[PDB]
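A.B. asks: This is the structure, below, for whatever I ask next.
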Amino acid sequence: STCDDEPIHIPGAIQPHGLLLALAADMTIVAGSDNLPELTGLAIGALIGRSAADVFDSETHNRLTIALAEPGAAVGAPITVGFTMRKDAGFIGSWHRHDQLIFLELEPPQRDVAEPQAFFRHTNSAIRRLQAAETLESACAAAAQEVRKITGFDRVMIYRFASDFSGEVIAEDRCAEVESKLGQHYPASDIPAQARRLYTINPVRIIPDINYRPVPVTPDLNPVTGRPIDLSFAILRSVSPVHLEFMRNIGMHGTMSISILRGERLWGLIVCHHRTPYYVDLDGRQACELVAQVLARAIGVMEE
Ligand SMILES: *C/C=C1/C(=C/c2[nH]c(/C=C3[NH+]=C(/C=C4\NC(=O)C(C=C)=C4C)C(C)=C\3CCC(=O)O)c(CCC(=O)O)c2C)NC(=O)[C@H]1C
């Protein structure tokens, strides 16, 4: 376990392309990313231990209050965000009720959004083409082709693993400019235990610049538990510089990867790489999110 030891879940930093705010269970600001001042225009060391009401507009707190005290408490779905300071901003992104804190992840207004009809088109065709569920090999390739058709990543591919957690690429499509790993296998050390354990419970992962400077999370002391701040579900979660190397190697300054859950069990991953630094509309992500959700289902009617 030269590999499986790293605490990648508690690195106490996020990627700069958005920010984070962590509230205690009585709705008071507890910790944030240190770039908070840069964009919302509010100084961290001030915020620490004051009210979430100082940052959000009155609805976003209220939509917040209802969502959380909703029964079936869990890492929340995406929310619409407006700040009292810089309302204009209209940042939009998720929240996450883990660690006995309420994490808010906020993203910059994804300008130049997916054309509607084209969107519905690709979403709908895929769910037909995948549900049309030809073989396993197409079901998958399909997902990759379609996924590439939605996002427009330079190369995309379905990765499955054996019971010894070594995987094979079992599908592909590429911009005719980069090799097909369609025949390669890889060793379980490559995506190791703790990262397999993490993908099972949070099925989206996105890195836009592999060449980034991590935005510390301050404090990174969980006030309720007194352990570092645990960034499992955070899609802004700073990433193990080892792996980053391995993406520099294979020549890709952006990634994203989606789990393929098969009854609590991680069957395989959609895996995307893009030469230069590349982002995804929540649209873009939730689409793919969908692809793998159906695929996983168009695997649970191929398993009978
Ligand atoms: C022994 C340590 C190693 C290691 C650790 C490591 N790697 C990751 C993350 C990923 N590695 C991936 C592998 C691939 N990328 C590809 O291009 C291909 C295909 C040829 C594979 C199989 C991938 C996709 C990931 C996940 C990244 C993503 O979500 O897009 C981690 C986890 C890092 C984190 O979650 O913060 C770790 C600890 N890297 C190695 O290559 C070996 C030597």
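Residues in the structure tokens are numbered from 1 in each chain, the chains being A, B, ... in the order shown, and ligands are numbered from 1 in the order shown.
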Report as a PyMOL selection string which protein, DNA and RNA residues come within 7 Å of ligand 1, using only C-alpha atoms and all ligand atoms.
C.D. replies: chain A and resi 2-4+6+8+159+181+186+189-192+195+205-207+238-240+242-243+246-247+250+255-257+271-273
A.B. asks: Go ahead and dump the residues you just picked, N, CA and C atoms, as a PDB file, in the first residue's frame.
C.D. replies:
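Heads up, here's the output in again-v2.pdb:
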ATOM      1  N   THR A   2       1.900   1.311  -0.877  1.00  0.00           N
ATOM      2  CA  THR A   2       2.667   2.542  -1.237  1.00  0.00           C
ATOM      3  C   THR A   2       1.667   3.605  -1.709  1.00  0.00           C
ATOM      4  N   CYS A   3       0.454   3.150  -2.088  1.00  0.00           N
ATOM      5  CA  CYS A   3      -0.622   3.889  -2.810  1.00  0.00           C
ATOM      6  C   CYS A   3      -1.846   4.147  -1.909  1.00  0.00           C
ATOM      7  N   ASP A   4      -2.328   3.116  -1.209  1.00  0.00           N
ATOM      8  CA  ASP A   4      -3.716   3.041  -0.676  1.00  0.00           C
ATOM      9  C   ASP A   4      -3.822   3.772   0.657  1.00  0.00           C
ATOM     10  N   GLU A   6      -2.803   7.164   1.298  1.00  0.00           N
ATOM     11  CA  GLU A   6      -2.932   8.647   1.251  1.00  0.00           C
ATOM     12  C   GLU A   6      -4.327   9.039   1.723  1.00  0.00           C
ATOM     13  N   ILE A   8      -6.608  11.364   0.788  1.00  0.00           N
ATOM     14  CA  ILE A   8      -6.987  12.242  -0.357  1.00  0.00           C
ATOM     15  C   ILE A   8      -8.317  12.939  -0.048  1.00  0.00           C
ATOM     16  N   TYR A 159     -14.303   2.229 -18.420  1.00  0.00           N
ATOM     17  CA  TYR A 159     -13.333   1.421 -17.627  1.00  0.00           C
ATOM     18  C   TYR A 159     -14.105   0.464 -16.698  1.00  0.00           C
ATOM     19  N   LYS A 181      -6.885   3.009 -25.711  1.00  0.00           N
ATOM     20  CA  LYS A 181      -6.413   2.064 -24.669  1.00  0.00           C
ATOM     21  C   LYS A 181      -7.346   0.849 -24.637  1.00  0.00           C
ATOM     22  N   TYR A 186      -4.908  -2.457 -16.812  1.00  0.00           N
ATOM     23  CA  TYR A 186      -4.097  -1.668 -15.836  1.00  0.00           C
ATOM     24  C   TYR A 186      -4.248  -2.210 -14.416  1.00  0.00           C
ATOM     25  N   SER A 189      -3.516  -0.851  -8.356  1.00  0.00           N
ATOM     26  CA  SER A 189      -2.687   0.223  -7.744  1.00  0.00           C
ATOM     27  C   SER A 189      -2.891   1.564  -8.477  1.00  0.00           C
ATOM     28  N   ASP A 190      -3.282   1.518  -9.760  1.00  0.00           N
ATOM     29  CA  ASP A 190      -3.413   2.707 -10.652  1.00  0.00           C
ATOM     30  C   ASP A 190      -4.565   3.621 -10.172  1.00  0.00           C
ATOM     31  N   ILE A 191      -5.739   3.039  -9.893  1.00  0.00           N
ATOM     32  CA  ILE A 191      -6.852   3.648  -9.104  1.00  0.00           C
ATOM     33  C   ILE A 191      -7.040   2.807  -7.843  1.00  0.00           C
ATOM     34  N   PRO A 192      -6.475   3.256  -6.701  1.00  0.00           N
ATOM     35  CA  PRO A 192      -6.255   2.377  -5.549  1.00  0.00           C
ATOM     36  C   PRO A 192      -7.468   2.273  -4.611  1.00  0.00           C
ATOM     37  N   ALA A 195      -9.522   5.436  -3.139  1.00  0.00           N
ATOM     38  CA  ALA A 195     -10.155   6.073  -4.313  1.00  0.00           C
ATOM     39  C   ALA A 195     -11.276   5.180  -4.891  1.00  0.00           C
ATOM     40  N   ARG A 205     -16.532  13.050 -10.472  1.00  0.00           N
ATOM     41  CA  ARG A 205     -15.146  13.573 -10.266  1.00  0.00           C
ATOM     42  C   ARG A 205     -14.689  14.369 -11.498  1.00  0.00           C
ATOM     43  N   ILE A 206     -14.195  15.586 -11.266  1.00  0.00           N
ATOM     44  CA  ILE A 206     -13.918  16.603 -12.309  1.00  0.00           C
ATOM     45  C   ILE A 206     -12.687  17.354 -11.899  1.00  0.00           C
ATOM     46  N   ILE A 207     -11.714  17.440 -12.799  1.00  0.00           N
ATOM     47  CA  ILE A 207     -10.480  18.259 -12.643  1.00  0.00           C
ATOM     48  C   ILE A 207     -10.279  19.073 -13.917  1.00  0.00           C
ATOM     49  N   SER A 238      -9.546  19.143  -3.826  1.00  0.00           N
ATOM     50  CA  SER A 238      -8.117  19.009  -4.194  1.00  0.00           C
ATOM     51  C   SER A 238      -7.771  17.521  -4.326  1.00  0.00           C
ATOM     52  N   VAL A 239      -6.838  17.212  -5.212  1.00  0.00           N
ATOM     53  CA  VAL A 239      -6.624  15.845  -5.751  1.00  0.00           C
ATOM     54  C   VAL A 239      -5.136  15.457  -5.568  1.00  0.00           C
ATOM     55  N   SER A 240      -4.872  14.157  -5.354  1.00  0.00           N
ATOM     56  CA  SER A 240      -3.566  13.560  -4.972  1.00  0.00           C
ATOM     57  C   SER A 240      -2.529  13.864  -6.034  1.00  0.00           C
ATOM     58  N   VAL A 242       0.260  12.815  -6.917  1.00  0.00           N
ATOM     59  CA  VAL A 242       0.665  11.577  -7.651  1.00  0.00           C
ATOM     60  C   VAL A 242      -0.158  11.516  -8.926  1.00  0.00           C
ATOM     61  N   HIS A 243      -1.471  11.317  -8.783  1.00  0.00           N
ATOM     62  CA  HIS A 243      -2.409  11.073  -9.905  1.00  0.00           C
ATOM     63  C   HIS A 243      -2.233  12.180 -10.933  1.00  0.00           C
ATOM     64  N   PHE A 246       0.371  11.626 -13.201  1.00  0.00           N
ATOM     65  CA  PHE A 246      -0.008  10.549 -14.140  1.00  0.00           C
ATOM     66  C   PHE A 246      -0.911  11.109 -15.260  1.00  0.00           C
ATOM     67  N   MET A 247      -1.555  12.259 -15.047  1.00  0.00           N
ATOM     68  CA  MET A 247      -2.380  12.920 -16.096  1.00  0.00           C
ATOM     69  C   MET A 247      -1.479  13.852 -16.901  1.00  0.00           C
ATOM     70  N   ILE A 250       0.224  11.352 -19.387  1.00  0.00           N
ATOM     71  CA  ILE A 250      -0.650  10.856 -20.486  1.00  0.00           C
ATOM     72  C   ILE A 250      -1.188  12.059 -21.283  1.00  0.00           C
ATOM     73  N   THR A 255      -9.742  16.574 -16.663  1.00  0.00           N
ATOM     74  CA  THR A 255     -10.426  15.255 -16.554  1.00  0.00           C
ATOM     75  C   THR A 255     -11.869  15.449 -16.065  1.00  0.00           C
ATOM     76  N   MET A 256     -12.670  14.386 -16.166  1.00  0.00           N
ATOM     77  CA  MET A 256     -13.854  14.089 -15.313  1.00  0.00           C
ATOM     78  C   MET A 256     -14.130  12.592 -15.436  1.00  0.00           C
ATOM     79  N   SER A 257     -14.728  11.976 -14.427  1.00  0.00           N
ATOM     80  CA  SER A 257     -14.993  10.517 -14.399  1.00  0.00           C
ATOM     81  C   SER A 257     -16.223  10.253 -13.547  1.00  0.00           C
ATOM     82  N   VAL A 271     -14.744   7.555 -18.132  1.00  0.00           N
ATOM     83  CA  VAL A 271     -13.455   8.268 -17.913  1.00  0.00           C
ATOM     84  C   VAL A 271     -13.160   9.135 -19.133  1.00  0.00           C
ATOM     85  N   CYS A 272     -12.916  10.410 -18.882  1.00  0.00           N
ATOM     86  CA  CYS A 272     -12.761  11.468 -19.890  1.00  0.00           C
ATOM     87  C   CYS A 272     -11.421  12.152 -19.649  1.00  0.00           C
ATOM     88  N   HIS A 273     -10.680  12.436 -20.723  1.00  0.00           N
ATOM     89  CA  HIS A 273      -9.433  13.247 -20.701  1.00  0.00           C
ATOM     90  C   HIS A 273      -9.471  14.259 -21.857  1.00  0.00           C
TER      91      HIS A 273
END
A.B. asks: Which residues, written as a list in words, have at least one atom at most 10 Å from residue 94 of chain A, with only C-alpha atoms counted and residues fewer than 3 positions away on the same chain left out?
C.D. replies: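 The residues satisfying every condition are residues 75, 76, 77, 78, 79, 80, 81, 103, 104, 105, 106, 107, 233, 234, 235 and 282 of chain A.
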A.B. asks: Hey, which of A:62, A:259, A:1, A:218 ends up closest to residue 33 of chain A? Count only C-alpha atoms.
C.D. replies: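 Closest residue, counting only C-alpha atoms: A:218.
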A.B. asks: Name the residues of segment 72-166 of chain A that fall into strand (DSSP E or B) according to DSSP on the backbone, using the chain letters and numbers of this document, as a PyMOL selection string.
C.D. replies: chain A and resi 79-80+83+92-93+95-96+102-106+155-161
A.B. asks: Keeping only C-alpha atoms, write the selected residues to a file as a compact mmCIF listing (two decimals), in the first residue's frame.
C.D. replies:
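In the end it all went to result.txt:
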# COMPACT_ATOMS: atom_id res chain seq x y z
CA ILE A 79 -29.40 24.48 -5.42
CA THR A 80 -29.81 27.96 -6.99
CA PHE A 83 -25.60 36.38 -2.43
CA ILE A 92 -25.10 28.01 -8.83
CA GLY A 93 -23.98 24.67 -7.32
CA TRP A 95 -24.53 21.28 -1.00
CA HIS A 96 -23.39 18.25 1.08
CA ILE A 102 -23.47 21.38 5.79
CA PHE A 103 -20.93 22.00 2.92
CA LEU A 104 -21.87 24.55 0.20
CA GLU A 105 -19.90 24.21 -3.10
CA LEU A 106 -20.40 27.33 -5.33
CA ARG A 155 -11.18 11.19 -25.59
CA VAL A 156 -13.76 9.18 -23.51
CA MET A 157 -13.98 5.46 -22.56
CA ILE A 158 -15.78 2.95 -20.24
CA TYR A 159 -13.33 1.42 -17.63
CA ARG A 160 -14.43 -1.86 -15.88
CA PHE A 161 -12.52 -3.71 -13.05
A.B. asks: One decimal, in Å: what's the spacing between atom CA of residue 276 of chain A and atom CA of residue 254 of chain A?
C.D. replies: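 Calculated distance between atom CA of residue 276 of chain A and atom CA of residue 254 of chain A is 6.2 Å.
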A.B. asks: Select from segment 163-291 of chain A everything DSSP, run on the backbone, classes as alpha helix (DSSP H), then give the selection as a list in words.
C.D. replies: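 Of segment 163-291 of chain A, only residues 193, 194, 195, 196, 197, 198, 199, 241, 242, 243, 244, 245, 246, 247, 248, 249, 282, 283, 284, 285, 286, 287, 288, 289, 290 and 291 of chain A fall in alpha helix (DSSP H).
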A.B. asks: Quick one: pull the distance between atom CA of residue 210 of chain A and atom CA of residue 249 of chain A, Å, one decimal.
C.D. replies: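 Distance reported for this atom pair: 11.0 Å.
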A.B. asks: Excluding same-chain residues fewer than 5 positions from residue 132 of chain A, what lies within 12 Å of it counting only C-alpha atoms, as a PDB file with C-alpha atoms, in the first residue's frame?
C.D. replies:
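Output contents, as saved in selection00.pdb:
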ATOM      1  CA  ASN A 124     -33.016  11.664 -25.184  1.00  0.00           C
ATOM      2  CA  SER A 125     -31.191   9.787 -28.058  1.00  0.00           C
ATOM      3  CA  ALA A 126     -28.576   8.262 -25.646  1.00  0.00           C
ATOM      4  CA  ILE A 127     -31.344   7.038 -23.206  1.00  0.00           C
ATOM      5  CA  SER A 138     -22.081  -0.948 -27.833  1.00  0.00           C
ATOM      6  CA  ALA A 139     -24.181  -0.094 -24.690  1.00  0.00           C
ATOM      7  CA  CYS A 140     -20.744   1.069 -23.436  1.00  0.00           C
ATOM      8  CA  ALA A 142     -22.576   4.259 -27.159  1.00  0.00           C
ATOM      9  CA  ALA A 143     -22.265   5.847 -23.649  1.00  0.00           C
ATOM     10  CA  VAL A 294     -29.103   4.228 -17.246  1.00  0.00           C
ATOM     11  CA  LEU A 295     -26.000   2.250 -18.440  1.00  0.00           C
ATOM     12  CA  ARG A 297     -29.642  -0.024 -15.426  1.00  0.00           C
ATOM     13  CA  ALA A 298     -29.076  -1.217 -19.066  1.00  0.00           C
ATOM     14  CA  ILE A 299     -26.542  -3.525 -17.278  1.00  0.00           C
ATOM     15  CA  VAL A 301     -31.453  -5.836 -17.700  1.00  0.00           C
ATOM     16  CA  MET A 302     -28.331  -7.509 -19.346  1.00  0.00           C
TER      17      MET A 302
END
A.B. asks: Tell me, as a list in words, which residues lie within 10 Å of residue 141 of chain A, counting only C-alpha atoms; anything in the same chain fewer than 6 positions away does not count.
C.D. replies: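 Listed by chain and then number, they are residues 130, 135, 147, 156, 157, 158, 170, 171, 172 and 173 of chain A.
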A.B. asks: Which of these residues is nearest to residue 151 of chain A, using only C-alpha atoms: A:288, A:10, A:266, A:29?
C.D. replies: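 The answer is A:288, which sits nearest to residue 151 of chain A.
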A.B. asks: Which value, in Å to one decimal, gives the distance between atom CA of residue 7 of chain A and atom CA of residue 49 of chain A?
C.D. replies: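 Atom CA of residue 49 of chain A lies at a distance of 26.8 Å from atom CA of residue 7 of chain A.
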A.B. asks: Would you pick out the contacts of residue 237 of chain A at 7 Å or less, using only C-alpha atoms, so that residues sharing its chain but fewer than 4 positions from it are not included, and give the list as a list in words?
C.D. replies: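 Counting only the stated atoms, we get residues 13, 14, 15 and 231 of chain A.
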A.B. asks: When you look at residue 225 of chain A with a cut-off of 12 Å (counting only C-alpha atoms), what residues show up, excluding the ones that are within fewer than 2 positions of it in the same chain? I need them as a ChimeraX atom specification.
C.D. replies: /A:24,98-101,220-223,227-230
A.B. asks: Given only C-alpha atoms as the basis, pick out the residue of A:113, A:224, A:64, A:244 nearest to residue 209 of chain A.
C.D. replies: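 Of all the options, A:244 lies closest to residue 209 of chain A.
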A.B. asks: Would you kindly return, as a list in words, each protein, DNA or RNA residue with an atom no farther than 10 Å from any atom of residue 152 of chain A, considering only C-alpha atoms and excluding same-chain residues fewer than 2 positions away?
C.D. replies: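 Listed by chain and then number, they are residues 145, 146, 147, 148, 149, 150, 154, 155, 156, 174, 175, 272, 274, 278, 280 and 284 of chain A.
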